[PDB]
Number of protein chains: 12
Amino acid sequence: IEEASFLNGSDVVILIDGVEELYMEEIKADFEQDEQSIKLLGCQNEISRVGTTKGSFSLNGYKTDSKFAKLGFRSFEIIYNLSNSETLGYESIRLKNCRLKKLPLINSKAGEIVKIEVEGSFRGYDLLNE
Amino acid sequence: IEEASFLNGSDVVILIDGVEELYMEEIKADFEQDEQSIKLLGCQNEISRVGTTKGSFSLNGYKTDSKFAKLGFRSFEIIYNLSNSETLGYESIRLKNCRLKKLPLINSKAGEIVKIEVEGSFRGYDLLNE
Amino acid sequence: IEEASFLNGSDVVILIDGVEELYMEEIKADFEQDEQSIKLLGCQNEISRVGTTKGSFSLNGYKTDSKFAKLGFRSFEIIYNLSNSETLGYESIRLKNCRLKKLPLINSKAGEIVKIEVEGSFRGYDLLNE
Amino acid sequence: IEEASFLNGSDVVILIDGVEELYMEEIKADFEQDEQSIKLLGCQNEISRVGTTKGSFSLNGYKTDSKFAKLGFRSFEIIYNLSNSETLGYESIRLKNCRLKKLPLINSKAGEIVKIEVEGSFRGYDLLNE
Amino acid sequence: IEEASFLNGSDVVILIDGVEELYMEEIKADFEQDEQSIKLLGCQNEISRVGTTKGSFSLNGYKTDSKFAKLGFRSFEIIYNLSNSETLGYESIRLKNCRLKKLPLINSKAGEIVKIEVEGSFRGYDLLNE
Amino acid sequence: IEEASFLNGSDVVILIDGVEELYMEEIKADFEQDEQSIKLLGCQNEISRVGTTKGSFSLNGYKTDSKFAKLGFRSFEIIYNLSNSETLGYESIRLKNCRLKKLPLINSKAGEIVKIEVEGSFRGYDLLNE
Amino acid sequence: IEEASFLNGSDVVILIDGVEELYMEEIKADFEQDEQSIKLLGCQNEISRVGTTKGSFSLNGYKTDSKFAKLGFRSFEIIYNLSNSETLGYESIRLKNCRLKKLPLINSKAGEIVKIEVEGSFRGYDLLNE
Amino acid sequence: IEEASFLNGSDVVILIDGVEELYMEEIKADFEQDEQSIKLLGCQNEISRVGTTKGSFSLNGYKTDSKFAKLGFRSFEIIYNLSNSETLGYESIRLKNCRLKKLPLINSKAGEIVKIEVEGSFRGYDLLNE
Amino acid sequence: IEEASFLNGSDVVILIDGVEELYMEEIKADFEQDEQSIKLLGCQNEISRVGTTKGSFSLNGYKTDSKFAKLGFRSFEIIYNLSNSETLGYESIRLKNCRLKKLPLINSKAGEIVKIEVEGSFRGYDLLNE
Amino acid sequence: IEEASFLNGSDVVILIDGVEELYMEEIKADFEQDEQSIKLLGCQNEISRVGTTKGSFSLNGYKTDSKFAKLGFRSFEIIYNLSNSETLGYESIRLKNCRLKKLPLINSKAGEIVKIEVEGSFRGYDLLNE
Amino acid sequence: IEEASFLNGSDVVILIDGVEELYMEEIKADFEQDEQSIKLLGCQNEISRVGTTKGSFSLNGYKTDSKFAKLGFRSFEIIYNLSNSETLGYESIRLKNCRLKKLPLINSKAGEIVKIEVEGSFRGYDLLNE
Amino acid sequence: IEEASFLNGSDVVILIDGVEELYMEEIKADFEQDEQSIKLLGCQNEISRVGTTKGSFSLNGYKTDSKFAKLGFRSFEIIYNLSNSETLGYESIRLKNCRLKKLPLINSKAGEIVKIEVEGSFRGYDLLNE
């Protein structure tokens with residue numbers, strides 16, 4: 001019903017190691033189970049339990065510097081804020097111990113704008129606001 | 001033949017842990033066998049038997065809050081009601097011990113509406129109505 | 001050459017456990033070998049032999065009831081009749097000991113008609129008519 | 001250069017067990033190596049040798065009878081003739097000991113013409129003409 | 001060369017103490033030498049001679065009764081018939097004084113079909129047919 | 001032939017010292033001969049005779065208490081019931097004087113569910129039902 | 001039935017000589033019989049009796065110090081606590097007079113994290129809690 | 001910059017076993033490493049070394065004869081010449097010990113021109129011109 | 001915000017072994033972890049650590065010479081410069097010990113411009129400028 | 001270098017007691033030393049001398065008759081010929097006084113082709129051709 | 001918890017007889033008890049005591065010289081240093097009187113990098129640093 | 001560090017009794033101690049001393065002749081040369097008094113290339129070059 005509840009991608013600000021990142025196209029982050037399946041002798045359905053949690057992120061954008069190449073495989077943090085405009089509420093998520101799986105050293109095509117895409121893993125998250 | 005028997009997606013109401021969810025785009029739920037294949041010496045076709053049953057659900061929608069991030073990996077229930085309008089009949093399905101496989105912490109694109117997609121597993125189901 | 005030999009999907013009637021199913025979109029059924037490959041020392045080509053036979057079916061349609069959810073994983077039969085109109089001939093195939101691999105508990109999208117898709121296995125077949 | 005050398009699909013006649021098949025859409029047949037790779041200590045490139053040969057065919061068409069369902073998994077032959085019209089030359093290939101991998105018992109969609117698709121294996125081939 | 005000479009496991013019927021066993025998965029039987037090695041002073045290769053013969057069988061299947069638990073360690077016979085279908089020939093082997101080495105009292109896993117596996121010894125064999 | 005004769009692991013209930021055990025994954029029990037081999041001077045095959053009988057069991061499951069650690073090396077009984085559902089028949093086996101070979105004091109891995117596995121010996125068995 | 005009864009490896013804390021060990025991957029401990037087999041003249045089954053008890057442990061983890069190399073072959077204790085979260089119950093086991101069979105002086109591979117694995121024996125155990 | 005440096009597919013002539021092939025649509029040939037990855041204890045990046053070299057080719061065209069069916073799995077050579085027109089330079093590559101992986105016995109569709117596609121392996125190459 | 005920060009593919013110059021490459025369509029280079037996953041007994045999330053680093057590049061272009069065929073599998077370097085025009089800044093990346101995984105001997109289609117595509121691995125990188 | 005020197009398994013013909021065996025999958029034969037180790041007082045390396053020679057063979061194939069069951073433990077001969085096709089040379093080896101260690105009375109699985117595997121010993125060998 | 005405590009294999013430097021070894025893949029070293037088991041008349045558990053200590057090492061790497069073949073069976077020392085990078089701490093272990101059990105004279109495969117693997121024994125160890 | 005130090009299997013040439021062997025896949029040779037363990041009354045660690053040295057080799061390849069069958073159990077020599085290409089250095093090892101443990105008379109499988117594998121012992125070695 002309420003039009004105002006929907007949140008657009010334009011209400012997004014990303015901070016990589018405390019400095020705002022402006023030239024990003026999309027971002028993803030998931031906190032995934034290693035779900036443990038259990039089968040019992042007296043019971044005829046599988047029982048699922050929570051396993052170890054791992055974080056995975058991807059982060060696609062437009063290249064304007066060699067920030068990620070300098071950044072290397074050092075650990076960093078990602079603070080992601082998604083705000084509402086019609087309402088004043090906002091969500092803020094801090095991904096901790098983020099680390100790149102691979103360095104986007106070179107990615108260019110003949111007549112397109114140079115884009116940068118990275119992926120990696122993070123240990124845990126803090127839901128700062130909501 | 002009968003036009004009235006068909007059921008549209010618009011006749012759908014979803015309850016996550018007893019509170020209605022309004023900003024959902026699609027939902028899926030399957031109760032899958034671990035079917036056991038049997039081959040016998042005197043017989044020339046495979047015999048299939050029912051194994052342990054597992055439930056899997058997926059649930060795609062539009063982000064309006066951090067409900068699933070707060071929800072974490074705790075167990076919850078999903079009550080799914082699909083009603084007919086031309087007829088007064090309706091189906092109601094309760095998925096029990098539902099648990100998320102991964103947390104949709106961040107999912108945003110440059111100029112699109114922020115969407116949320118989750119998947120998980122459930123133990124069993126109750127066919128409340130039909 | 002002969003236009004009349006072709007058979008359209010519209011000349012199809014499906015019986016699930018003896019009661020006609022009217023709201024189906026497509027149906028598939030295959031009877032597959034576990035073909036055994038043989039290599040011999042004196043011979044330079046593989047010899048293939050018939051192994052155990054397994055049946056697999058899929059059955060896509062439009063949801064009008066909770067028939068398959070009630071049906072569960074019980075064994076049922078499928079009688080498939082494909083008739084000719086310009087000619088009076090018809091084929092009838094009976095799939096025996098049919099059993100669902102998974103239950104289509106929930107499948108709905110935002111603005112589409114609710115569809116139901118199931119798959120399973122069957123032991124053998126009877127070619128009743130042809 | 002020469003327009004006449006090209007061969008169209010329309011110049012095709014297929015014989016299944018000696019009786020012509022008229023309602024076929026496409027046909028495939030390959031005679032595949034189990035190629036053996038050899039690495040030697042003194043040499044820096046792989047040596048390839050001929051292994052056992054296996055035949056595989058596929059055969060898609062339009063359903064007009066239960067020929068393949070009756071045919072079951074019995075061995076049969078396929079004689080494939082591809083003729084030239086502008087020239088009088090023609091090729092004829094006989095696939096021997098052909099055997100179906102699976103039976104196309106049922107394949108129908110809501111408003112489409114009923115099609116039949118089969119696949120299988122054959123032992124060897126005779127290049128009757130060319 | 002001849003496809004018909006090969007014998008499939010599906011052409012197998014097993015009789016335990018004169019009553020047919022239908023739920024068996026595989027069977028083995030060997031008649032083993034206690035081969036005697038001889039070394040001679042004037043000769044530079046070992047001479048091998050036939051020693052006492054012992055029979056050993058194994059018999060894996062699916063549990064449908066407590067037949068083997070009741071059977072205990074009593075002596076029984078196994079008649080094994082392997083028939084050809086394309087040809088009318090068949091082999092029949094009678095294992096005599098068969099006796100179980102161990103009783104399969106309990107063998108069950110969480111979500112699998114209950115299987116039974118036994119092993120034992122037999123004195124001699126009669127090649128009834130061939 | 002008969003689908004109903006097969007018995008699944010889900011139809012299993014285990015009683016350790018008269019109290020039901022619910023969190024078990026698999027169970028095994030064998031009653032093994034100390035088979036005596038006999039060679040005779042006039043005869044050219046080995047004669048096998050029944051020796052002393054020993055029982056061995058293994059019992060794998062999921063840890064929910066320190067039941068087996070408290071149980072120590074005291075003697076206990078195991079009653080194993082395997083029931084049929086499609087048929088009403090059932091088997092019941094009582095293992096007597098069961099005793100653990102080793103105590104599963106500690107068994108845990110980094111991110112897996114804590115499992116418990118025990119093995120032991122039993123004197124004799126009673127086939128209560130069948 | 002009860003989801004809460006299962007215990008995950010994540011609810012584990014290990015104390016080596018009173019100081020907590022944080023970088024462990026898995027732990028094992030068994031208290032094994034030297035079971036004595038008895039055969040009697042009038043009786044046709046083996047009688048089993050409890051022999052001397054020995055403890056054996058293994059302890060795999062990630063190397064962060066030379067703790068075990070300094071520890072040498074001195075006697076130490078292991079206190080193992082496995083707690084429940086959904087329930088407040090917990091088990092605590094104290095292994096006494098633990099002693100290493102071998103010292104893990106060096107264990108490293110080319111591109112993997114340095115792991116440490118030890119095994120040893122203990123005299124007895126105290127089941128502190130449960 | 002220079003328009004003349006580009007080479008079109010039209011400047012291509014292919015020789016199969018010394019006789020020109022005119023009805024080809026595309027050709028591919030690669031000489032692939034079995035690259036050996038090395039990880040060292042003192043070093044934090046992988047070292048790559050050249051392994052055994054294998055050649056793979058594919059060759060798609062239009063069917064005008066049974067050349068490849070007669071050719072079988074015999075070894076043959078492929079000489080590939082790519083010429084420049086605006087410049088007089090040209091490249092010539094000779095693939096040696098070329099051998100088909102599979103025979104394109106039959107490939108025809110309902111109303112399309114009969115095409116032939118083959119793949120195979122070659123030992124080495126000679127860069128005759130450039 | 002700033003239009004000038006974006007970098008187009010047209011501001012790219014590539015040097016293969018010190019000589020400029022003009023007829024390239026796109027280039028890629030990544031420096032990938034062999035990320036090591038760690039699970040601990042007391043902790044409920046995976047710990048990720050940096051493993052050995054490997055470089056992978058791909059390099060697609062238009063064929064104007066047999067440079068890569070002559071180059072073979074020898075080691076070479078790639079210097080990649082991406083310059084800004086509105087700003088005077090530029091990035092320069094030197095890939096070291098670059099080596100081809102496969103040689104693009106032949107790649108041509110019927111009526112298209114002859115293209116060349118290569119892939120390979122490199123040991124490390126130097127970020128010369130930025 | 002020379003492709004023609006390699007010998008495939010397809011160029012194999014086996015004669016058991018003078019009659020060709022066609023349904024064999026693999027064959028092995030070794031002539032093994034009972035090597036005598038010598039240590040001397042003045043010398044610091046072991047001296048090895050030739051002991052008595054024994055032959056061992058294994059012979060795996062597909063069952064088409066009860067040939068080996070009738071053959072029993074009687075002595076027989078094996079003539080093994082391995083021919084070259086590209087060259088006209090061939091090897092022929094005659095194993096003498098071959099005798100089975102065990103009789104393959106029964107070997108069948110649920111849905112697989114019945115295979116026969118035998119092993120035994122032979123006294124000596126004649127290298128008839130080469 | 002602490003990411004920095006983990007030690008990677010890349011922080012490893014090995015000295016064989018005082019000269020650094022760079023081309024090693026993995027190393028192992030254990031200092032093993034000849035543990036003495038004691039059983040007493042009044043006591044019902046085994047008593048374990050420390051026996052003589054023996055050292056065993058293994059050392060796998062890549063061959064670049066005949067160092068170990070020249071080294072023969074002479075006694076040598078191994079100094080193993082494992083350093084931390086995020087922290088400045090390091091461990092150093094000196095294995096004394098190391099001696100090879102066997103000489104890796106030849107170890108090569110068809111298309112793989114030549115590797116060298118050795119094993120041996122050492123008398124004692126000095127924990128130089130930690 | 002240095003790429004050139006690594007030695008590939010392709011830089012290998014083997015001489016059996018002075019004539020080069022070209023069709024070999026891998027080779028092994030070890031010179032093993034009969035290490036003598038010493039325990040002393042006043043000392044708490046084992047003392048290890050060099051015992052008699054024995055050589056063992058294995059040599060796997062592809063069959064192209066009956067060289068090893070003719071060779072029998074006669075003594076022969078193996079000269080193994082492993083060369084560097086980027087550097088001009090090379091290793092040469094001469095194994096003396098090599099003698100086969102068993103003769104590879106027959107080794108063939110259904111559709112694989114005939115391989116030959118031998119093992120044996122040698123007295124001593126000469127490190128000719130390095």
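In its metadata, the entry names cryo-EM as the structure determination method and reports 2.71 Å as the resolution.

## Digging into the overall build of chain A
In terms of helices and strands, chain A carries one helix and eleven strands. Secondary structure elements of chain A occur, N-terminal to C-terminal, as β-β-β-β-β-β-α-β-β-β-β-β. The C-alpha atoms of chain A give 19 Å as radius of gyration, which overshoots the globular expectation for 130 residues (14 Å, by more than 25%). For chain A, the spread of C-alpha atoms along the principal axes amounts to about 65 × 40 × 30 Å. Per-residue burial over chain A gives 53% buried out of 130 residues. Once local pairs closer than 6 in sequence are excluded, the contacts in chain A between residues at least 24 apart make up 65%. Here chain A has roughly 5,400 Å² of accessible surface; of this, 46% comes from carbon and sulfur atoms. When the 16 basic and 22 acidic side-chain charges of chain A are each reduced to a single mean position, those positions are 11 Å apart.

## Description of the environment of C:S56
Residue and element names in this part refer to chain C. When you line up the elements, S56 lands in strand 6 (residues 53–62). Judged by relative accessible area, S56 falls into the partly exposed class, the value being 29%. When the C-alpha atoms of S56 and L71 are compared, they prove to be 18 Å apart, with 15 residues separating the residues in sequence. Discounting residues that sit within four places of it in the chain, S56 has contacts with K28, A29, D30, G120, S121 and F122.

## What about unusual backbone geometry?
In this structure, C:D17 is a non-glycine residue whose phi angle is positive, near 60 degrees. Along the chain, C:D17 turns up in the loop between strand 1 (12–16) and strand 2 (19–21).

## Quick notes on the nonpolar core
Grouped together as the largest cluster of nonpolar side chains are 180 residues, with contacts concentrated most on E:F57, F:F57, G:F57, J:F57, K:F57 and L:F57. B:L82, C:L71, D:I106 and H:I27 belong to the second-largest nonpolar core, a separate cluster that totals 168 residues.

## A closer look at the interface of chain B and chain A
Counting from both sides, the interface comprises 32 residues of chain B and, opposite them, 36 residues of chain A. Counting the surface lost from both chain B and chain A, the interface buries some 3,300 Å², and carbon and sulfur atoms represent 54% of this. It is B:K101, B:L105 and B:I106 that lose the most area in chain B upon contact with chain A, and together they represent 21% of the buried surface on that side. The interface formed by chain B and chain A contains six salt bridges. Notably, a salt bridge pairs B:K109 with A:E25, separated by 3.8 Å at the nearest N-O pair. Viewed at the interface, chain A and chain B are joined by 21 residue pairs in polar contact. At eight residues, the largest contribution of residues to the side of chain B that touches chain A is made by strand 9 (residues 102–109) of chain B. Residue composition of the side of chain B that touches chain A, grouped by class: twelve nonpolar, nine polar and eleven charged. Note that strand 3 (residues 24–33) of chain A and strand 9 of chain B share seven bridges and pair antiparallel. From the neighbouring strand, A:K28 faces strand 9 of chain B, where its bridge partner is B:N107.

## Some details on the pattern of salt bridges
Applying the stated criterion across every chain yields a total of 144 salt bridges over all chains. Of the charged contacts, one joins K:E26 and G:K109 as a salt bridge, the two residues approaching to 3.2 Å between their closest N and O atoms. Within this pair, whereas K:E26 is found in strand 3 (residues 24–33), its partner G:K109 is found in strand 9 (residues 102–109), the two belonging to separate chains. Taking the shortest distance from any N to any O, the salt bridge between L:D126 and L:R94 comes out at 3.4 Å. Residue L:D126 is located in strand 11 (residues 124–129), and its partner L:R94 is located in strand 8 (residues 90–100); the two are separated by 32 residues in the primary sequence. When salt bridges that share partners are traced, they join A:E25, A:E26, A:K115 and B:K109 into one network.

## Regarding the arrangement of the chains
At their nearest point, the C-alpha atoms of chain A and chain C are still 12 Å apart, with no contact between the two. The two partners chain D and chain F share no contact, and the minimum distance between any of their C-alpha atoms is 21 Å.

## With respect to the relation of the copies chain B and chain A
Placing chain B over chain A gives an RMSD of 0.0 Å and needs a rotation angle of 60 degrees, together with 0.0 Å of translation along the axis. Here the symmetry operator amounts to a six-fold rotation axis. Residue B:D34, judged by its C-alpha, is the member of chain B lying nearest the rotation axis, at 20 Å. An asymmetric contact is evident, with only 3% of the interface residues of chain B recurring at the interface of chain A.

## Description of the side chain of K:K28
Note on placement: K:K28 falls in strand 3. For K:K28, the contacting residues outside a window of four places in its chain are G:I106, G:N107, G:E117, K:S56, K:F57 and K:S58.

## Some thoughts on the environment of E:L7
Along the chain, E:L7 turns up in the segment before strand 1 (12–16). In this structure the C-alpha to C-alpha distance between E:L7 and E:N107, which are 100 residues apart in sequence, comes to 31 Å.

## Observations concerning the environment of E:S85
All names here are of chain E. Tracing the sequence through the fold places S85 in the loop between strand 7 (76–83) and strand 8 (90–100). A residue is classified by how much of its surface remains accessible, and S85, at 52% relative accessible area, is exposed. Spatially, the C-alpha atoms of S85 and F31 are 27 Å apart, while their sequence positions differ by 54 residues.

## A look at the packing of aromatic side chains
Under the defined criterion, the tally for this structure stands at 72 aromatic pairs over all chains. Each ring, one from D:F6 and one from H:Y62, has its centre 5.7 Å from the other, and the planes form 90 degrees; the classification is edge-to-face. Taken together, the positions of D:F6 in the segment before strand 1 (12–16) and H:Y62 in strand 6 (residues 53–62) put the pair across two chains. On the accessibility criterion, H:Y62 (25% relative accessible area) is partly exposed.

What counts as what
- Residues numbered from 1 in each chain as written, not as in the entry; some residues may be left out.
- Chains lettered and ligands numbered in written order.
- Part of a larger assembly, values for the part shown.
- Heavy atoms only, no water.
- Helix = DSSP H or I, 4+ residues; strand = E, 2+ residues; numbered from the N terminus.
- Rg over C-alpha atoms; globule rule 2.2 N^0.38 Å.
- Buried < 20%, exposed > 50% of the residue type's maximum accessible area, 1.4 Å probe, protein only.
- Contact = heavy atoms within 4.5 Å.
- Areas by Shrake-Rupley, 256 points an atom, 1.4 Å probe, with all protein chains shown as cover.
- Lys, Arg positive; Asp, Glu negative; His and termini not counted.
- Charge placed at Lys NZ, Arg CZ, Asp CG, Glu CD.
- Core = buried A, V, L, I, M, F, W, Y, C linked by side-chain atoms within 4.5 Å.
- Buried area = accessible area lost by both parts, 1.4 Å probe.
- Salt bridge = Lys/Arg side-chain N within 4 Å of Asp/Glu carboxyl O.
- Polar contact = N/O pair within 3.5 Å; in protein donor to acceptor, adjacent residues only side chain to side chain.
- Nonpolar A, V, L, I, M, F, W, Y, C, P; charged D, E, K, R; others polar.
- Pairing = 2+ DSSP bridges.
- Least-squares fit on C-alpha atoms.
- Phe/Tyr/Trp six-rings, centres within 6.5 Å; stacked < 30°, edge-to-face > 60°.

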